[PDB]
């Protein structure tokens, strides 16, 4: 056991669940959040039967108050050392069929939410003097294809937040990273663990993984 927490913002999918499993398996108390937090009960049982610690919460990440409360709670339980922001929103609409609602919603889910998760984690971590903030990217963080104006906009948006944060906070002992996924959920979790284990002398900001 470590006297430390890991926040997994977006433990709904298999990737998010695997990240939770992995950091729990390594002795962190995992705070896991998804929209319908009752659906985390399978994951909790499995992790706790394996002897690991997890606090499951319902969380709409679009809501900045809930994100702040989620992260503050994690840090109150034990010092927050790692946040993994894992909130996707893969949608495709031709530009004319991209509504105001969809564009705003995707930004709120995939960019706005990551900004708030990143800022509030930084606030908690800088008080401890160390920490790691990891964001999940996609190929839409790198290039905007046809139909992906809403989605690529939010993912480019998140990438820029990660960059600016890294420029500011890497010199302040916070490892900001951006993992672009393009597999086993478990392989994504292993990749986050690999970023976690990097020493200060050789930190990677951006990594892309593909399955072969």
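Positions refer to the first chain, counted from 1.
Enquirer: I want to verify a possible break: how many residues of the deposited sequence sit between residue 65 and residue 66 without any coordinates (none, 1 to 3, 4 to 9, 10 or more)?
Expert: Unresolved stretch here: none.
Enquirer: If you average the CA temperature factors as listed in the entry, which stretch comes out higher, 16 to 24 or 189 to 197?
Expert: Between 189 to 197 and 16 to 24, it is 16 to 24.
Enquirer: Comparing 26 to 34 with 154 to 162, which has the greater mean CA B-factor as deposited?
Expert: Averaging CA B-factors over each stretch, the winner is 26 to 34.
Enquirer: Can you tell me which of 172, 167, 178, 53 has the maximum CA B-factor listed in the PDB entry?
Expert: Highest C-alpha B-factor among the listed options: 53.
Enquirer: Quick one: which of 139, 83, 136, 90 shows the highest Cα temperature factor in the PDB entry?
Expert: Of 139, 83, 136, 90, 90 has the highest C-alpha B-factor.
Enquirer: Please say which third, lowest, middle or highest, residue 102 falls into when its CA temperature factor is compared across its chain.
Expert: As the PDB entry reports it, the C-alpha B-factor of residue 102 lands in the highest third of its chain.
Enquirer: Please place residue 113 in the lowest, middle or highest third of its chain by C-alpha B factor as given in the entry.
Expert: It falls in the bottom third of the chain.
Enquirer: Quick check on the deposited entry: does the C-alpha B-factor of residue 126 sit in the lowest, middle or highest third of its chain?
Expert: Middle third by C-alpha B-factor.
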